[PDB]
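Each chain is listed here by its residues.
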Amino acid sequence: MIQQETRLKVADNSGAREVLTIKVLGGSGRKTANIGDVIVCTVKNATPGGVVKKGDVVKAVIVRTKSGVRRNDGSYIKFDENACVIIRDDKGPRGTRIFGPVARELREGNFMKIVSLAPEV
Amino acid sequence: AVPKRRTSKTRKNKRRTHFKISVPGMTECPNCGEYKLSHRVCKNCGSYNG
Amino acid sequence: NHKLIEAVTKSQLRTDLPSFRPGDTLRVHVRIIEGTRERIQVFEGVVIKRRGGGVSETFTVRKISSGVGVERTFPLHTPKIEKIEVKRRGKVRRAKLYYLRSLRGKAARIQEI
Amino acid sequence: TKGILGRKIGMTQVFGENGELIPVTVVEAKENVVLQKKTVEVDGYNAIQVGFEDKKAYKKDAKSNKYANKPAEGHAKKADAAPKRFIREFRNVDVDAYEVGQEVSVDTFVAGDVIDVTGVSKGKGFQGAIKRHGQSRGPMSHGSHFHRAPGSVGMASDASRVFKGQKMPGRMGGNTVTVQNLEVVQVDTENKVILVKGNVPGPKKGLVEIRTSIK
Amino acid sequence: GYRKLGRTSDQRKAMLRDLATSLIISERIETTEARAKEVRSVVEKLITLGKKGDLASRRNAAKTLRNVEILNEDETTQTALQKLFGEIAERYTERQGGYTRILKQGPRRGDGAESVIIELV
RNA sequence: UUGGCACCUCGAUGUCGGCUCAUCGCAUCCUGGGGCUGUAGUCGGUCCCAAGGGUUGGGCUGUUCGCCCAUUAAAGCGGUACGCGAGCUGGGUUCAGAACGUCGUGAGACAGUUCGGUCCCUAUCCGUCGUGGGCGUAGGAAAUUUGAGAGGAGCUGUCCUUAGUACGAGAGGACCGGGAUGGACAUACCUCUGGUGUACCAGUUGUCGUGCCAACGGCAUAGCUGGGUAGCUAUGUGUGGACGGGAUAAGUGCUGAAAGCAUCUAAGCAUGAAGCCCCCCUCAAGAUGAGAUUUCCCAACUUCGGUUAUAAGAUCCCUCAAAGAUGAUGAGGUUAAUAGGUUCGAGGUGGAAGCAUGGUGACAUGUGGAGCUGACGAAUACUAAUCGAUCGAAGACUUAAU
């Protein structure tokens, strides 16, 4: 989520339960990601029965962070949890459901399927 | 780091150009008649007038 | 309290909001310009802190949505809050209720006055 | 094209057109008077001397800078004015648009101008190489005896000396720094205060020069 | 704080309480330049409590003053808390600040520091 | 690189990898500019000019090296005692112990392996980074400045439009242009988000004390715990590498002869790179070549063919911080708000003591957003900057012009 070793849990309907960050994309030397950034991770924990299995290397996007983000109005939003969603090649969720609240900053991006299934945006 | 060469007395006297003291900065006391330190009392009678 | 600062920041102050202290349930009506239509979104929760100031005074509200804690911080005089309600007033013993970040369930309730 | 002198008060914030937050700093520019005009024929370049804050009258028992001295009174009497304690030249302005002894009002700038601000930075004193030059530390454990010292300063007997420009501990701060492309948010009249979007070098009560951006 | 005088935090405040008490018992002491520059604040703020003469003001003064006994003339022994609220407080009922004065003497032998005289005006 | 020689060092020149800090070359990894192509387009191969800037994080191994994983415009090659131990470590190798394989009759040795095993020094000179005194700059001072020179910066990705256009049976798919937004780096600052905040506020534990109940004080890391002003800070907030001129490199040309043709060259005239000089930022008249501008002061004693102090101005001393190792710098010295005190505020904490009321009780309520408060903003001479002293000019000679 932030570093090269952060443990991220998922909130989608896939076999994965927890992932470990491997690389932050978007430039050489970049060492920190935020909400709405794509990362490369590996599945450290998986559930019996599902599409994603343990040890698989997959792509994901960040939807919740504890540090939070700052908006142009001077307001801030912070979460109590760190979460991510495994995406497919065309920026679409591999699962069929989204759990928990999702940051409102995915709406301005091209991740619209994630916002549609999210219970609260 | 020991000195490499003996220091001559020409260098030693040059270095002590600014090693000195000066006068305390005394002023006359117009009650005692003898000099005293500025902004202090007269030691002979303890008069810090004014 | 510099007089020059207090003058150029006088018209920015707005007097329409009620008085409140940390620990009470509060409702915030926020205008959002998501998409192309501007609407109103309502945010509830408990005021966890009130950091003082003048034109730069802020407050934070915390609520539980679907099992995840969410905290929102706004400037007190921002031109994006239509109105503010106070549902109930609580009884607290301090100013910053930072201890509520780790307490969940029956342990995260504030007695009504 | 145009410029003034003023003092730095502090930082604040105001709301924008669409509710956005804009951090601004308060600069007070009052009592500005044109003191001298320089021309190519007399000197070799075109500029104007501008005073900022007026001093008191001449005194026989003066011991501080609050009271102007004899040479400083005759310079402020060539044009009807009061003796000032800050004098600076502006070389980017047009001489034909100014007169000797003319007031320079705060209303020369408008909300929307692009300006640059120069001033003297805050002093930090005698500092080490980590803070003064942003270098990295050595290990804090694993038997290390190297925490905040500078590294190697040369190579070997091949070049038995240290090159000029080596980064060493010293005094930092107190430099003249220009911040370019700043935005004027609001110019206040009857109080002579300019709101500048961003921040300027220096501490409170400092002196800042404001000019139109050259680029 | 203002200045530390080469002492630890706990033992600096104990020295200031002794210096303030002694300036009430004898009303004239001789000490170091730096120490007397900060005893002014302690002593002059304590007389302000004495002028008010409240129970809350008297208990707020008992946490700074030591426990000693006054016996110079033939009359009854008195404390230092009683003296401040009974004798000093009645000499400044018409004075607004400036209850103390400092007079320099000169450097002293063996140390090089200068001694000064501080007394109640 | 592996070697050959044995010219300096054995009354001592201390190795391999890693960390910190760099600097130089071009035989160029990326970016900029061109020629050829078996170059239709997006991609490619090869050669020429070009050193301004840039050139990733991990797993195995003491390792240099190498393999692997995931990115990136790219993950370049070499020199400097295979840069750097009076800047750091000591994992390997060359000490004293012990064991295995093997050789030896033996004490013992490796073509080898395994476990453990003291890293000293107060900087004299040069060099480098900061910061003060003396003298000169032909009378003595206060401000403002020009720039001969020097240093700093120089990087680059992805989407939209042109346009599904040129090109192409189809697959696929653009040069030259116009916008938006990032990555790394540099600098300034504390309004917002956090950190620290040992003379601020509150709660609580054991023990000693103020004679006792209440209220407090000392000790136990600041006893511990929850907040937190100013200052100092990044992870926080702004800004920057822009638009342009002149001469060029590889290339491309116009005209033209030596050589009645052709030909970029011998004369002449053009165009042409992140590269050079300007342009942008900072220092800079000890630049002994010592610059310029605006103000301030101008006499008594002499024959001394020269002194003299005083003026303008600057200090000794004292109260300070926007400054600071000292010194220097800046704000003041009574005709005075410089610091402390006093009276009001900002911010912080969270409802003081006493009394009354309810309860057998630990406790709860009002009086009352109370009480307290370091650095932040104002007003006020109550206290302390008293009284004096020291330094500090009368303008040299020659020539030319009015």
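Here goes a summary of the coordinates provided.

1. Comments concerning the overall build of chain B
Okay, step 1: For chain B, the count of helices and strands is 1 helix and 2 strands.
Okay, step 2: Counting helices and strands in the order they occur from the N terminus, chain B gives α-β-β.
Okay, step 3: A globule of 50 residues ought to have a C-alpha radius of gyration of about 10 Å, yet chain B, at 21 Å, is considerably larger.
Okay, step 4: Its C-alpha atoms give chain B principal-axis dimensions of about 60 × 20 × 15 Å.

2. A few points about the protein's contact with RNA strand F
Okay, step 1: Inspection of the region around RNA strand F gives 139 residues, with C:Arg51, D:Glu89, D:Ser157, E:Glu38 and E:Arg101 positioned closest.
Okay, step 2: For RNA strand F, a sugar or linking oxygen lies 2.6 Å from a polar atom in the side chain of B:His39.
Okay, step 3: D:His145 has a polar side-chain atom sitting 2.8 Å from a phosphate oxygen of RNA strand F.
Okay, step 4: For the surface near RNA strand F, the element with the most residues is helix 2 (residues 33–52) of chain E, which contributes 8 residues.
Okay, step 5: Of the residues contributing to the surface near RNA strand F, the split by class is 31 nonpolar, 54 polar and 54 charged.

3. What to know about the interface of chain A and chain C
The figure often quoted for interface size is the accessible area lost as the parts come together.
Okay, step 1: Contacts between the two partners involve 17 residues from chain A and, on the opposite side, 16 residues from chain C.
Okay, step 2: Regarding the contact of chain A and chain C, the summed buried area is about 1400 Å², with carbon and sulfur atoms giving 47% of it.
Okay, step 3: Across the chain A-chain C interface, the total number found is 2 salt bridges.
Okay, step 4: For C:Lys63, the salt bridge identified is with A:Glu120, shortest N-O distance 3.3 Å.
Okay, step 5: Classifying every residue of the side of chain A that touches chain C gives 5 nonpolar, 3 polar and 9 charged.

4. Focus: the sheet that holds strand 5 (residues 69–70) of chain A
Okay, step 1: Strands sit in the order 5(A)-6(A)-4(C)-3(C)-2(C)-1(C)-5(C) across an open sheet of 7 strands; the sheet is antiparallel. If you trace the sheet from one side to the other, it starts and ends with strand 5 of chain A together with strand 5 (81–86) of chain C, each paired once.
Okay, step 2: Bridging between strand 2 (residues 39–51) of chain C and strand 3 (residues 58–64) of chain C involves 5 bridges; their strand directions are antiparallel. By the bridge assignment for strand 3 of chain C, C:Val47 is matched with C:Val61.

5. What to know about a nonpolar patch on the surface
All names here are of chain D.
Okay, step 1: Taken together, the side chains of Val153, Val162 and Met168 make up a nonpolar region of the molecular surface, amounting to roughly 230 Å² of accessible area.
Okay, step 2: Mapping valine 162 onto the fold places it in the loop between helix 2 (129–133) and strand 8 (170–172).
Okay, step 3: We classify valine 162 as partly exposed; its relative accessible area is 39%.

6. What to know about the layout of surface pockets
Okay, step 1: Looking at the largest pocket, its volume works out to about 640 Å³.
Okay, step 2: Lining the largest pocket are 24 residues, with A:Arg71, C:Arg31, C:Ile32, C:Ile33 and C:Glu34 sitting closest to its centre.
Okay, step 3: Among the secondary structure elements, those contributing two or more residues to the lining of the largest pocket are strand 1 (25–32), strand 2 and strand 4 (69–75) of chain C.
Okay, step 4: Looking at the lining of the largest pocket residue by residue, the classes come out as 6 nonpolar, 7 polar and 11 charged.
Okay, step 5: Of the pockets and cavities examined, the second largest pocket occupies roughly 460 Å³.

7. Section: empty space enclosed by the protein
Residue and element names in this part refer to chain E.
Okay, step 1: Going through the model one piece at a time under the given rule, you end up with 1 cavity of 30 Å³ or more.
Okay, step 2: Its boundaries defined by the atoms lining it, the largest cavity holds a volume of some 40 Å³.
Okay, step 3: What lines the largest cavity is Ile70, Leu71, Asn72, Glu73, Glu75, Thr76 and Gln78.
Okay, step 4: Within the lining of the largest cavity, the residues separate by chemical class into 2 nonpolar, 3 polar and 2 charged.

8. Some words on the sheet that holds strand 4 (residues 47–51) of chain D
Residue and element names in this part refer to chain D.
Okay, step 1: Taken in spatial order, the 3 strands line up as 3-4-5 in an open sheet, and their pairing is antiparallel. For this open sheet the edge positions go to strand 3 (33–38) and strand 5 (87–90), each flanked by a neighbour on one side alone. The mean inter-strand angle of the sheet, taken between neighbouring strand axes irrespective of direction, is 25 degrees.

9. Some details on the interface of chain C and chain D
Okay, step 1: Facing 15 residues of chain C, the contacting portion of chain D comprises 14 residues.
Okay, step 2: For the pair chain C and chain D, the summed buried surface comes to about 1200 Å²; carbon and sulfur atoms form 73% of the total.
Okay, step 3: Summed over the shared surface of chain C and chain D, the number is 0 salt bridges.
Okay, step 4: Summed over the shared surface of chain C and chain D, the result is 2 residue pairs in polar contact.
Okay, step 5: Looking at the side of chain C that touches chain D, the element that brings in the most residues is helix 1 (residues 3–8) of chain C, giving 4 residues.
Okay, step 6: Across the side of chain C that touches chain D, the residue classes tally to 8 nonpolar, 6 polar and 1 charged.

10. A look at helix 4 (residues 80–88) of chain E
Residues and elements named next belong to chain E.
Okay, step 1: Those residues of helix 4 that sit buried are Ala80, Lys83, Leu84, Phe85 and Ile88.
Okay, step 2: Where helix 4 is buried, its residues contact helix 1 (9–25), helix 2, helix 3 (55–61), strand 2 (69–70), strand 3 (78–79) and strand 5 (114–120).
Okay, step 3: The N-cap residue of helix 4 is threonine 79: its side-chain oxygen and the backbone nitrogen of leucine 81 are 3.5 Å apart.

11. Looking at the arrangement of the chains
Okay, step 1: For the 4 pairs of chains in contact, the largest share of contacts goes to chains A and C.
Okay, step 2: A minimum C-alpha distance of 38 Å separates chain B and chain C, which share no contact.
Okay, step 3: In this structure chain A stays clear of chain E, and the shortest span between their C-alpha atoms is 35 Å.

Thresholds, definitions, all that
- Residues numbered from 1 in each chain as written, not as in the entry; some residues may be left out.
- Chains lettered and ligands numbered in written order.
- Part of a larger assembly, values for the part shown.
- Heavy atoms only, no water.
- Helix = DSSP H or I, 4+ residues; strand = E, 2+ residues; numbered from the N terminus.
- Rg over C-alpha atoms; globule rule 2.2 N^0.38 Å.
- Near = heavy atom within 4 Å.
- Polar contact = N/O pair within 3.5 Å; in protein donor to acceptor, adjacent residues only side chain to side chain.
- Nonpolar A, V, L, I, M, F, W, Y, C, P; charged D, E, K, R; others polar.
- Contact = heavy atoms within 4.5 Å.
- Buried area = accessible area lost by both parts, 1.4 Å probe.
- Salt bridge = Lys/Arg side-chain N within 4 Å of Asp/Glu carboxyl O.
- Pairing = 2+ DSSP bridges.
- Patch = residues over 30% accessible without salt bridge, like charges linked within 9 Å, V, L, I, M, F, W, Y side chains within 5 Å.
- Areas by Shrake-Rupley, 256 points an atom, 1.4 Å probe, with all protein chains shown as cover.
- Buried < 20%, exposed > 50% of the residue type's maximum accessible area, 1.4 Å probe, protein only.
- 1 Å grid on protein atoms, 1.4 Å probe; cavity = no way out; pocket = protein on both sides within 12 Å on 5 of 7 lines; lining within 4 Å.
- Points joined across faces, edges and corners; volume = space filled by probe spheres on them.
- Axes fitted to C-alpha atoms, helices over the stretch in contact; angles between N-to-C directions.

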